[PDB]
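S.K.: Below is the file structure.txt, which contains compact mmCIF, C-alpha atoms and all ligand atoms.
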# COMPACT_ATOMS: atom_id res chain seq x y z
CA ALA A 1 -117.22 -105.56 321.00
CA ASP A 2 -115.65 -105.17 324.44
CA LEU A 3 -112.99 -107.45 325.94
CA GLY A 4 -115.55 -109.87 327.41
CA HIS A 5 -117.37 -110.28 324.08
CA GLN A 6 -114.42 -110.48 321.67
CA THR A 7 -113.77 -113.79 319.91
CA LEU A 8 -110.67 -115.32 318.33
CA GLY A 9 -110.08 -114.02 314.80
CA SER A 10 -111.17 -116.41 312.05
CA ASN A 11 -107.58 -116.97 310.85
CA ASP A 12 -105.75 -116.54 314.16
CA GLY A 13 -103.94 -119.84 314.66
CA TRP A 14 -105.06 -123.42 315.27
CA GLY A 15 -107.71 -122.26 317.79
CA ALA A 16 -109.69 -120.89 314.80
CA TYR A 17 -110.15 -124.33 313.21
CA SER A 18 -113.62 -125.79 312.60
CA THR A 19 -116.05 -124.16 315.05
CA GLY A 20 -113.42 -121.64 316.18
CA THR A 21 -113.05 -120.16 319.67
CA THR A 22 -115.87 -117.88 320.75
CA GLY A 23 -115.78 -118.61 324.49
CA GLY A 24 -118.76 -117.10 326.32
CA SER A 25 -119.31 -114.27 323.82
CA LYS A 26 -122.98 -115.25 323.33
CA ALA A 27 -123.72 -114.93 327.07
CA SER A 28 -126.89 -113.21 328.24
CA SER A 29 -126.51 -110.41 330.82
CA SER A 30 -127.45 -112.75 333.69
CA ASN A 31 -124.40 -114.90 332.86
CA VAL A 32 -121.97 -111.96 333.02
CA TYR A 33 -120.18 -111.99 336.39
CA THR A 34 -117.65 -109.77 338.17
CA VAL A 35 -115.60 -111.72 340.74
CA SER A 36 -113.06 -110.58 343.34
CA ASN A 37 -112.30 -113.63 345.49
CA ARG A 38 -112.16 -117.44 345.36
CA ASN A 39 -115.77 -117.93 346.53
CA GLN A 40 -117.21 -115.71 343.79
CA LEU A 41 -114.98 -117.30 341.15
CA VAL A 42 -115.93 -120.90 341.99
CA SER A 43 -119.63 -119.95 342.20
CA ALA A 44 -119.60 -118.28 338.76
CA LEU A 45 -117.84 -121.22 337.10
CA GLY A 46 -120.21 -123.85 338.51
CA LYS A 47 -119.68 -127.52 337.59
CA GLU A 48 -118.99 -129.41 334.34
CA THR A 49 -122.70 -129.22 333.45
CA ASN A 50 -122.59 -125.40 333.32
CA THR A 51 -122.15 -125.25 329.54
CA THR A 52 -124.24 -122.09 329.08
CA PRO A 53 -122.17 -119.27 327.54
CA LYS A 54 -120.75 -117.17 330.39
CA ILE A 55 -118.41 -114.18 330.80
CA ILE A 56 -116.35 -113.78 333.99
CA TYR A 57 -114.45 -110.60 334.84
CA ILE A 58 -111.67 -110.88 337.41
CA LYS A 59 -111.35 -107.68 339.45
CA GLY A 60 -108.23 -107.26 341.58
CA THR A 61 -106.26 -110.10 343.13
CA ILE A 62 -107.73 -113.56 343.65
CA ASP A 63 -105.77 -115.66 346.14
CA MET A 64 -106.65 -119.35 345.77
CA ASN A 65 -105.01 -120.50 349.01
CA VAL A 66 -107.94 -119.39 351.20
CA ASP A 67 -110.68 -121.26 353.09
CA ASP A 68 -114.45 -120.76 352.70
CA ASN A 69 -114.32 -117.65 354.94
CA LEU A 70 -111.52 -116.18 352.80
CA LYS A 71 -108.84 -116.79 355.45
CA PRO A 72 -105.35 -117.40 354.06
CA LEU A 73 -104.15 -121.00 354.27
CA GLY A 74 -100.48 -121.96 354.64
CA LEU A 75 -98.25 -125.00 355.17
CA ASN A 76 -99.59 -125.74 358.65
CA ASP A 77 -103.25 -125.58 357.55
CA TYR A 78 -102.78 -128.16 354.76
CA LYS A 79 -100.32 -130.50 356.47
CA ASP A 80 -101.48 -134.00 357.42
CA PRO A 81 -100.95 -134.69 361.14
CA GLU A 82 -98.25 -137.32 360.50
CA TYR A 83 -96.27 -135.32 357.91
CA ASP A 84 -92.99 -133.76 359.02
CA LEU A 85 -90.45 -132.35 356.55
CA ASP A 86 -87.49 -133.21 358.83
CA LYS A 87 -88.70 -136.82 359.07
CA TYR A 88 -89.39 -136.92 355.31
CA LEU A 89 -85.81 -135.81 354.61
CA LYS A 90 -84.33 -138.39 356.99
CA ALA A 91 -86.42 -141.24 355.59
CA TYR A 92 -85.65 -140.79 351.88
CA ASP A 93 -82.04 -139.57 352.03
CA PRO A 94 -80.24 -141.15 349.06
CA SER A 95 -77.33 -142.33 351.27
CA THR A 96 -79.61 -144.51 353.42
CA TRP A 97 -82.71 -145.01 351.24
CA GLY A 98 -81.03 -145.51 347.86
CA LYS A 99 -82.50 -144.79 344.42
CA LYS A 100 -85.94 -146.33 344.94
CA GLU A 101 -89.26 -144.46 344.96
CA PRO A 102 -90.24 -143.15 348.39
CA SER A 103 -92.78 -145.28 350.25
CA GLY A 104 -93.96 -145.82 353.82
CA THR A 105 -95.25 -143.41 356.45
CA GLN A 106 -93.76 -140.06 355.43
CA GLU A 107 -94.54 -140.38 351.70
CA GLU A 108 -98.16 -141.39 352.45
CA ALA A 109 -98.51 -138.40 354.79
CA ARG A 110 -97.01 -136.07 352.17
CA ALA A 111 -99.44 -137.37 349.53
CA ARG A 112 -102.42 -136.75 351.82
CA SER A 113 -101.11 -133.24 352.52
CA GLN A 114 -100.87 -132.54 348.79
CA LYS A 115 -104.50 -133.61 348.25
CA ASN A 116 -105.62 -131.12 350.93
CA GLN A 117 -104.01 -128.27 348.97
CA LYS A 118 -105.22 -129.59 345.59
CA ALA A 119 -108.85 -129.23 346.73
CA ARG A 120 -108.51 -125.44 347.13
CA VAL A 121 -106.12 -124.47 344.33
CA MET A 122 -107.25 -126.50 341.31
CA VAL A 123 -110.42 -125.35 339.54
CA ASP A 124 -111.97 -126.74 336.35
CA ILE A 125 -113.26 -124.38 333.63
CA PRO A 126 -116.51 -125.46 331.94
CA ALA A 127 -117.24 -125.20 328.23
CA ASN A 128 -118.21 -121.93 326.54
CA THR A 129 -116.50 -119.61 328.99
CA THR A 130 -114.61 -116.33 328.67
CA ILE A 131 -112.48 -115.27 331.65
CA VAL A 132 -110.96 -111.79 331.28
CA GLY A 133 -109.09 -109.47 333.63
CA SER A 134 -110.68 -106.13 334.47
CA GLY A 135 -108.34 -103.15 334.12
CA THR A 136 -104.56 -103.46 334.41
CA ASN A 137 -104.09 -105.32 337.70
CA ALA A 138 -106.24 -108.46 337.54
CA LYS A 139 -104.32 -111.30 339.18
CA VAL A 140 -104.74 -114.97 340.08
CA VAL A 141 -102.30 -116.06 342.79
CA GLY A 142 -101.65 -119.70 343.68
CA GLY A 143 -104.36 -121.21 341.47
CA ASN A 144 -104.18 -123.89 338.79
CA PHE A 145 -106.88 -123.53 336.13
CA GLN A 146 -107.61 -126.84 334.40
CA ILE A 147 -109.31 -126.96 331.01
CA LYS A 148 -110.76 -130.30 329.91
CA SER A 149 -113.62 -128.73 327.95
CA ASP A 150 -114.20 -127.04 324.59
CA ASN A 151 -114.40 -123.34 323.70
CA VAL A 152 -112.61 -121.26 326.33
CA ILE A 153 -110.98 -117.80 326.23
CA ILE A 154 -108.63 -116.53 328.98
CA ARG A 155 -107.21 -112.99 328.61
CA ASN A 156 -105.59 -110.05 330.43
CA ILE A 157 -104.78 -111.79 333.72
CA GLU A 158 -101.45 -112.06 335.56
CA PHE A 159 -101.09 -115.63 336.87
CA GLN A 160 -98.62 -115.88 339.74
CA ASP A 161 -96.90 -118.57 341.75
CA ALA A 162 -98.84 -121.83 341.43
CA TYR A 163 -97.03 -123.11 344.51
CA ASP A 164 -96.99 -126.63 345.94
CA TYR A 165 -96.29 -126.80 349.68
CA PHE A 166 -95.33 -130.51 349.50
CA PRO A 167 -92.94 -131.33 346.64
CA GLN A 168 -92.26 -135.05 346.12
CA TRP A 169 -88.74 -136.48 346.01
CA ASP A 170 -88.01 -138.63 342.95
CA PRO A 171 -84.53 -140.17 343.00
CA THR A 172 -84.98 -141.75 339.56
CA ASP A 173 -85.83 -138.46 337.80
CA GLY A 174 -82.73 -137.57 335.78
CA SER A 175 -79.17 -138.34 336.87
CA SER A 176 -79.19 -137.12 340.48
CA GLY A 177 -82.92 -137.17 341.24
CA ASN A 178 -85.23 -134.13 341.42
CA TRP A 179 -88.02 -132.64 343.54
CA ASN A 180 -91.36 -132.52 341.69
CA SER A 181 -94.49 -130.43 342.31
CA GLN A 182 -98.01 -130.67 340.92
CA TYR A 183 -99.44 -127.28 339.93
CA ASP A 184 -99.28 -125.21 336.78
CA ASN A 185 -100.86 -121.82 336.17
CA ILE A 186 -102.95 -123.40 333.40
CA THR A 187 -103.24 -127.11 332.58
CA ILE A 188 -104.94 -128.05 329.28
CA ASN A 189 -106.02 -131.67 329.76
CA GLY A 190 -107.89 -132.78 326.65
CA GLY A 191 -109.31 -129.27 326.14
CA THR A 192 -110.08 -128.01 322.62
CA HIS A 193 -110.68 -124.61 320.99
CA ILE A 194 -108.82 -122.46 323.52
CA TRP A 195 -107.37 -118.95 323.27
CA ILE A 196 -104.90 -117.73 325.92
CA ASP A 197 -104.03 -114.10 325.13
CA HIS A 198 -102.39 -111.11 326.79
CA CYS A 199 -101.71 -112.97 330.04
CA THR A 200 -98.61 -112.81 332.24
CA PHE A 201 -97.10 -115.88 333.92
CA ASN A 202 -94.49 -115.74 336.69
CA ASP A 203 -93.44 -117.13 340.08
CA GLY A 204 -94.68 -114.07 341.94
CA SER A 205 -93.11 -113.36 345.31
CA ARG A 206 -91.67 -116.87 345.69
CA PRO A 207 -89.08 -117.36 342.93
CA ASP A 208 -86.95 -120.51 342.91
CA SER A 209 -83.83 -118.99 344.51
CA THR A 210 -85.89 -118.44 347.68
CA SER A 211 -86.02 -122.25 347.98
CA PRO A 212 -83.23 -124.17 349.73
CA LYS A 213 -81.55 -127.25 348.25
CA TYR A 214 -82.18 -130.69 349.76
CA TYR A 215 -80.03 -133.63 348.68
CA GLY A 216 -78.12 -131.23 346.39
CA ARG A 217 -81.25 -130.46 344.35
CA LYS A 218 -83.45 -127.36 344.50
CA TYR A 219 -86.60 -127.85 346.57
CA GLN A 220 -88.95 -127.08 343.68
CA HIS A 221 -92.43 -125.82 344.53
CA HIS A 222 -93.46 -125.07 340.94
CA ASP A 223 -94.26 -127.01 337.81
CA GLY A 224 -95.44 -125.64 334.46
CA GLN A 225 -96.93 -122.39 333.22
CA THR A 226 -99.14 -123.45 330.31
CA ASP A 227 -99.03 -127.22 329.73
CA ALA A 228 -101.16 -129.28 327.33
CA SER A 229 -101.75 -133.04 327.42
CA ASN A 230 -104.03 -135.95 326.59
CA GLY A 231 -105.26 -135.00 323.13
CA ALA A 232 -105.54 -131.24 323.71
CA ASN A 233 -106.13 -129.65 320.29
CA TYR A 234 -106.85 -126.44 318.39
CA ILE A 235 -105.27 -123.84 320.68
CA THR A 236 -103.84 -120.36 320.10
CA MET A 237 -101.55 -118.74 322.69
CA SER A 238 -100.70 -115.15 321.74
CA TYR A 239 -99.16 -112.00 323.25
CA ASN A 240 -98.35 -113.64 326.59
CA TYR A 241 -95.46 -112.69 328.84
CA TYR A 242 -93.72 -115.62 330.53
CA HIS A 243 -90.96 -114.71 332.98
CA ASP A 244 -88.91 -115.79 335.97
CA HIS A 245 -89.77 -119.49 335.89
CA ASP A 246 -88.06 -122.83 335.23
CA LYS A 247 -90.20 -125.22 333.14
CA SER A 248 -92.57 -123.22 330.93
CA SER A 249 -94.68 -125.25 328.50
CA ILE A 250 -94.88 -129.00 327.89
CA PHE A 251 -97.07 -130.07 324.96
CA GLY A 252 -97.59 -133.84 325.03
CA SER A 253 -96.83 -135.54 328.36
CA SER A 254 -95.44 -138.94 327.32
CA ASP A 255 -93.63 -140.81 324.54
CA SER A 256 -96.01 -143.78 324.90
CA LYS A 257 -99.17 -141.67 324.40
CA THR A 258 -99.40 -142.41 320.68
CA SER A 259 -103.02 -141.16 320.60
CA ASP A 260 -101.57 -137.62 320.78
CA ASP A 261 -100.32 -138.11 317.20
CA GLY A 262 -102.49 -135.93 314.96
CA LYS A 263 -103.46 -133.72 317.92
CA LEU A 264 -101.66 -131.00 319.91
CA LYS A 265 -102.27 -128.51 317.10
CA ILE A 266 -101.11 -125.32 318.80
CA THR A 267 -100.09 -121.88 317.57
CA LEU A 268 -97.73 -119.75 319.67
CA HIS A 269 -97.16 -116.19 318.48
CA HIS A 270 -95.99 -112.85 319.81
CA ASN A 271 -95.12 -114.27 323.24
CA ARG A 272 -92.28 -112.96 325.38
CA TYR A 273 -90.08 -115.34 327.37
CA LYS A 274 -87.70 -113.65 329.83
CA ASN A 275 -85.57 -115.56 332.36
CA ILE A 276 -87.20 -118.87 331.45
CA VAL A 277 -84.94 -121.91 331.94
CA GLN A 278 -86.35 -124.57 329.62
CA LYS A 279 -89.23 -126.16 327.76
CA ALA A 280 -90.55 -123.21 325.79
CA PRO A 281 -92.03 -125.25 324.46
CA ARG A 282 -91.03 -128.91 324.78
CA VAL A 283 -93.09 -130.81 322.18
CA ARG A 284 -94.06 -134.42 321.53
CA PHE A 285 -96.16 -135.38 318.46
CA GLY A 286 -97.89 -132.05 317.72
CA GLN A 287 -98.02 -129.75 314.72
CA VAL A 288 -96.98 -126.57 316.55
CA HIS A 289 -96.62 -123.25 314.75
CA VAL A 290 -94.14 -121.02 316.60
CA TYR A 291 -93.77 -117.51 315.14
CA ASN A 292 -92.76 -113.98 316.11
CA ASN A 293 -91.80 -114.87 319.70
CA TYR A 294 -88.99 -113.21 321.64
CA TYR A 295 -86.71 -115.08 324.04
CA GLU A 296 -84.23 -113.29 326.32
CA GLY A 297 -82.04 -114.63 329.11
CA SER A 298 -78.56 -115.42 330.36
CA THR A 299 -76.71 -118.71 330.84
CA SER A 300 -74.97 -117.31 333.94
CA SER A 301 -78.06 -116.01 335.75
CA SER A 302 -78.20 -116.74 339.49
CA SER A 303 -81.96 -117.35 339.56
CA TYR A 304 -83.21 -118.71 336.21
CA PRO A 305 -80.31 -119.50 333.85
CA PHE A 306 -81.19 -120.21 330.21
CA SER A 307 -80.84 -123.85 329.15
CA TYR A 308 -82.72 -124.10 325.85
CA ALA A 309 -85.84 -122.75 324.13
CA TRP A 310 -87.44 -125.42 321.92
CA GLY A 311 -87.56 -129.06 322.99
CA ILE A 312 -87.68 -131.36 319.95
CA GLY A 313 -89.39 -134.44 321.36
CA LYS A 314 -90.73 -137.68 319.93
CA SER A 315 -92.40 -137.17 316.57
CA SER A 316 -92.75 -133.40 317.10
CA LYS A 317 -93.50 -131.29 314.02
CA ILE A 318 -92.57 -127.74 315.02
CA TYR A 319 -92.85 -125.15 312.22
CA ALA A 320 -90.98 -122.02 313.37
CA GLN A 321 -90.83 -118.64 311.65
CA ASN A 322 -89.14 -115.33 312.46
CA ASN A 323 -88.35 -115.86 316.13
CA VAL A 324 -85.69 -113.79 317.93
CA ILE A 325 -83.38 -115.11 320.66
CA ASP A 326 -81.11 -112.85 322.72
CA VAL A 327 -78.87 -114.97 324.99
CA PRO A 328 -75.24 -113.82 325.16
CA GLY A 329 -72.68 -116.43 324.13
CA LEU A 330 -75.15 -119.14 323.05
CA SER A 331 -74.27 -121.20 319.98
CA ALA A 332 -76.78 -121.86 317.19
CA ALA A 333 -77.11 -125.58 317.98
CA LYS A 334 -77.81 -124.98 321.69
CA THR A 335 -80.96 -122.88 321.12
CA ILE A 336 -82.88 -126.18 321.07
CA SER A 337 -82.59 -129.57 322.78
CA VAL A 338 -83.27 -132.79 320.83
CA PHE A 339 -84.79 -135.86 322.52
CA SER A 340 -85.01 -139.49 321.36
CA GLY A 341 -87.59 -139.75 318.58
CA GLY A 342 -87.17 -136.10 317.50
CA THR A 343 -85.82 -135.98 313.94
CA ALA A 344 -87.41 -132.97 312.25
CA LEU A 345 -87.77 -129.22 312.71
CA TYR A 346 -88.56 -126.43 310.24
CA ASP A 347 -87.14 -123.03 311.20
CA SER A 348 -86.84 -119.91 309.07
CA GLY A 349 -85.79 -116.37 310.00
CA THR A 350 -84.35 -117.35 313.40
CA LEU A 351 -82.22 -114.52 314.79
CA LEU A 352 -79.69 -115.40 317.50
CA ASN A 353 -77.99 -112.37 319.07
CA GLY A 354 -78.53 -110.31 315.90
CA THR A 355 -77.43 -113.00 313.41
CA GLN A 356 -79.54 -115.27 311.21
CA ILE A 357 -79.11 -118.96 312.11
CA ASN A 358 -80.63 -122.32 311.16
CA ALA A 359 -81.32 -124.32 314.33
CA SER A 360 -82.57 -127.40 312.47
CA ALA A 361 -79.50 -127.69 310.22
CA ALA A 362 -77.09 -127.10 313.11
CA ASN A 363 -78.55 -130.16 314.87
CA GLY A 364 -78.70 -132.40 311.76
CA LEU A 365 -82.49 -132.56 311.71
CA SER A 366 -84.72 -132.89 308.68
CA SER A 367 -86.62 -129.75 307.64
CA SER A 368 -89.54 -131.82 306.33
CA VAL A 369 -92.28 -131.75 308.98
CA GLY A 370 -95.05 -132.73 306.56
CA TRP A 371 -97.27 -129.67 307.02
CA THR A 372 -97.42 -125.90 306.50
CA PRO A 373 -99.59 -123.65 308.70
CA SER A 374 -102.81 -122.56 306.99
CA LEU A 375 -104.29 -120.51 309.83
CA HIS A 376 -102.26 -117.43 310.77
CA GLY A 377 -102.44 -113.64 310.86
CA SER A 378 -99.73 -111.40 309.36
CA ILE A 379 -96.13 -112.39 309.99
CA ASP A 380 -93.75 -109.71 311.24
CA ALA A 381 -90.22 -109.47 309.89
CA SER A 382 -87.66 -110.79 312.40
CA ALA A 383 -86.18 -107.25 312.62
CA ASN A 384 -89.35 -105.88 314.29
CA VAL A 385 -90.20 -108.78 316.63
CA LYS A 386 -88.32 -107.54 319.71
CA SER A 387 -90.03 -104.12 319.67
CA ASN A 388 -93.48 -105.49 318.86
CA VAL A 389 -93.36 -108.17 321.56
CA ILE A 390 -91.81 -106.06 324.36
CA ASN A 391 -94.39 -103.30 323.75
CA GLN A 392 -97.49 -105.49 323.34
CA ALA A 393 -97.13 -108.79 325.21
CA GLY A 394 -98.52 -109.45 328.67
CA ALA A 395 -101.42 -108.62 330.96
CA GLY A 396 -102.40 -104.99 331.49
CA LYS A 397 -101.84 -103.87 327.89
CA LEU A 398 -105.58 -104.04 327.22
CA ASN A 399 -108.56 -103.55 329.55
CA CA B 401 -97.76 -129.85 334.47
Would you kindly transcribe this structure into structure tokens?
M.R.:
Amino acid sequence: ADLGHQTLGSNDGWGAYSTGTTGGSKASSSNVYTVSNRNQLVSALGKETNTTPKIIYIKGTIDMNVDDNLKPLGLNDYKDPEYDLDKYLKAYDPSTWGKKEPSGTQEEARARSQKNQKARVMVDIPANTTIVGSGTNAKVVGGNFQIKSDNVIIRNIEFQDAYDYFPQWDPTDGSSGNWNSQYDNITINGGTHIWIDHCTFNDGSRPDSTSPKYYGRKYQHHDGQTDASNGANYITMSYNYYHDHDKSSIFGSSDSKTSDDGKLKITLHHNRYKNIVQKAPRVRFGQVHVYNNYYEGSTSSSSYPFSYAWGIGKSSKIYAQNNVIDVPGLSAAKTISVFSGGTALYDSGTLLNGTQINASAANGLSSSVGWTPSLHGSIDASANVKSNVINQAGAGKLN
């Protein structure tokens, strides 16, 4: 079968469980579309009721920040009449406003401005859908694909810069406050049976060191790359290339969402992470199989300095095998970050700068996660991961 008709292998990760992930492979010829702009894309997807098997080919670059006549939309097109960044900055300055959540005129105007952008950039993908990039240059710029449905395949697309024009100031986030934005490249919100393969994720032509700092904190226009929340389950992410971005992948959005326990069954394999700061992934609750991935970065980078790879969150059950990390000077314990409620991690074959390490033992965690992965393809030796991943991961390697 061709790229549009290929399905997830019967043993290829948690996405292969139960009914498996076949996307729109059973589509008739009338439900095979070739799209090259936002209008064609939204028309082919249809609404939530469009559950008929469908195959969508993305040809060329699709900019999501455009109006219905395909005219590019910027800051001034989305801005609410009352919103003014200079007035926003003056109103919520920590020295005069304090550490309380922004409220009043400028925050209400900013929120309305954000909703104007949300309407163009966020699109929902209906059940039984395959979205694949045509050739080696298929790109989605500015969009946020949201998957709340079952049985979806997304492959061979470069997703760039899911950019929020109106970041919100949150003085209570962390120790010194932080600027927060709303859009990811892909948001899995309760979606099941999903395969994300051979895609590339980056911040395009607007990386984070092109943003100024306000209140001593970077004015952050980005959020996640591939995030999963609210009971998302049975997902395989393979051969993806994540690079030049801060917060990559958050699986499980909150410590109080106890209904995520038993869900968030995700398999990550053969992915490349280059110049990724943190959360790759950060996990709460889920049984996540992480194998044959390659992480490379530098703690002294001037754009995206490495902080940590795996985030061991509340009740997480990460099972990691033969992963390779190349970050000069990093100690074994600092490859991961442990959060309250995180007490277990299984890791075998971890290579840090050419030497075998045990991340779990270095952090005093238990190795008993209560499960062993049953669905997986062949496992590469740690010695061959770097070459395999650099040569095969990312969009444009297939077509
Ligand atoms: Ca997110």
S.K.: Residues at most 7 Å from residue 14 (chain A), counting all atoms listed in the file, excluding those fewer than 3 positions away in the same chain, as a ChimeraX atom specification?
M.R.: /A:17,234-236,265-267,375
S.K.: Using only C-alpha atoms and all ligand atoms, which residues have at least one atom no more than 6 Å from ligand CA 401 (chain B)? Output them as a PyMOL selection string.
M.R.: chain A and resi 184+223-224+227
S.K.: Counting all atoms listed in the file, note down every residue that has an atom within 12 Å of the point (-112.6, -131.5, 318.2) (file coordinates), as a VMD selection string.
M.R.: chain A and resid 14 to 21 148 to 151 190 to 194 231 to 235 262 to 265
S.K.: With distances taken over only C-alpha atoms, which of A:246, A:93, A:260, A:255 is nearest to residue 274 (chain A)?
M.R.: A:246
S.K.: When you look at residue 94 (chain A) with a cut-off of 12 Å (counting only C-alpha atoms), what residues show up, excluding the ones that are within fewer than 2 positions of it in the same chain? I need them as a PyMOL selection string.
M.R.: chain A and resi 88-92+96-102+169-172+176-178+214-217
S.K.: Neighbouring residues of residue 344 (chain A) were defined as those with any atom within 8 Å, considering all atoms listed in the file; residues of the same chain fewer than 5 positions away were excluded. Please report them as a PDB file with C-alpha atoms, in the coordinates of the input.
M.R.:
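Writing done, so here's out.pdb:
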ATOM      1  CA  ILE A 312     -87.680-131.360 319.950  1.00  0.00           C
ATOM      2  CA  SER A 315     -92.400-137.170 316.570  1.00  0.00           C
ATOM      3  CA  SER A 316     -92.750-133.400 317.100  1.00  0.00           C
ATOM      4  CA  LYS A 317     -93.500-131.290 314.020  1.00  0.00           C
ATOM      5  CA  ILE A 318     -92.570-127.740 315.020  1.00  0.00           C
ATOM      6  CA  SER A 360     -82.570-127.400 312.470  1.00  0.00           C
ATOM      7  CA  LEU A 365     -82.490-132.560 311.710  1.00  0.00           C
ATOM      8  CA  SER A 366     -84.720-132.890 308.680  1.00  0.00           C
ATOM      9  CA  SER A 367     -86.620-129.750 307.640  1.00  0.00           C
ATOM     10  CA  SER A 368     -89.540-131.820 306.330  1.00  0.00           C
ATOM     11  CA  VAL A 369     -92.280-131.750 308.980  1.00  0.00           C
TER      12      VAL A 369
END
S.K.: What's the 10 Å shell around residue 380 (chain A), counting only C-alpha atoms, without same-chain residues fewer than 3 positions away, as a PyMOL selection string?
M.R.: chain A and resi 270+291-292+321-323+377+383-385+388
S.K.: May I ask which of the residues A:390, A:106, A:55, A:370 is the closest one to residue 134 (chain A), counting only C-alpha atoms?
M.R.: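 Answer, going by the shortest atom-to-atom distance: A:55.
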S.K.: Figure out the distance between CA of residue 268 (chain A) and CA of residue 133 (chain A), please, to one decimal in Å.
M.R.: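 Taking CA of residue 133 (chain A) and CA of residue 268 (chain A), their separation equals 20.7 Å.
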S.K.: I'd like the contact shell of residue 126 (chain A) - 9 Å cut-off, only C-alpha atoms, skipping same-chain residues fewer than 2 positions apart - returned as a PyMOL selection string.
M.R.: chain A and resi 45-52+124+128-129+147-152
S.K.: Calculated over all atoms listed in the file, which of the candidates A:186, A:362, A:41, A:196 has the smallest distance to residue 62 (chain A)?
M.R.: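 Under the stated criterion, the closest residue is A:41.
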S.K.: Measuring atom to atom with only C-alpha atoms, identify which of A:230, A:7, A:220, A:378 is nearest to residue 168 (chain A).
M.R.: A:220
S.K.: Rounded to one decimal, what separation in Å do you get between CA of residue 59 (chain A) and CA of residue 276 (chain A)?
M.R.: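 We find that CA of residue 59 (chain A) and CA of residue 276 (chain A) lie 27.8 Å from each other.
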S.K.: Is it possible to add N, CA, C and O atoms to region 315-326 of chain A and hand it back as a compact mmCIF listing (two decimals), in the coordinates of the input?
M.R.:
# COMPACT_ATOMS: atom_id res chain seq x y z
N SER A 315 -91.50 -137.40 317.68
CA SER A 315 -92.40 -137.17 316.57
C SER A 315 -92.97 -135.76 316.49
O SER A 315 -94.01 -135.54 315.86
N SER A 316 -92.30 -134.79 317.10
CA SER A 316 -92.75 -133.40 317.10
C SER A 316 -92.61 -132.83 315.69
O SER A 316 -91.77 -133.27 314.90
N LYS A 317 -93.48 -131.89 315.36
CA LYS A 317 -93.50 -131.29 314.02
C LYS A 317 -93.57 -129.77 314.14
O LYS A 317 -94.50 -129.14 313.63
N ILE A 318 -92.59 -129.19 314.83
CA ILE A 318 -92.57 -127.74 315.02
C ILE A 318 -92.25 -127.02 313.71
O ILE A 318 -91.34 -127.41 312.97
N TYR A 319 -93.02 -125.99 313.40
CA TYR A 319 -92.85 -125.15 312.22
C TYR A 319 -92.59 -123.74 312.76
O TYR A 319 -93.50 -123.14 313.34
N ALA A 320 -91.35 -123.28 312.73
CA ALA A 320 -90.98 -122.02 313.37
C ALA A 320 -90.58 -120.94 312.37
O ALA A 320 -89.81 -121.17 311.44
N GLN A 321 -91.13 -119.74 312.56
CA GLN A 321 -90.83 -118.64 311.65
C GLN A 321 -90.56 -117.31 312.35
O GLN A 321 -91.33 -116.87 313.20
N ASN A 322 -89.48 -116.66 311.96
CA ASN A 322 -89.14 -115.33 312.46
C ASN A 322 -89.26 -115.16 313.96
O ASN A 322 -89.97 -114.29 314.46
N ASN A 323 -88.47 -115.95 314.69
CA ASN A 323 -88.35 -115.86 316.13
C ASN A 323 -86.99 -115.25 316.46
O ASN A 323 -86.06 -115.40 315.67
N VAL A 324 -86.91 -114.50 317.55
CA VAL A 324 -85.69 -113.79 317.93
C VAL A 324 -85.23 -114.24 319.31
O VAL A 324 -86.02 -114.28 320.25
N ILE A 325 -83.97 -114.64 319.41
CA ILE A 325 -83.38 -115.11 320.66
C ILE A 325 -82.17 -114.25 321.03
O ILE A 325 -81.24 -114.11 320.24
N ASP A 326 -82.21 -113.69 322.24
CA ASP A 326 -81.11 -112.85 322.72
C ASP A 326 -80.53 -113.44 324.00
O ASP A 326 -81.04 -113.22 325.10
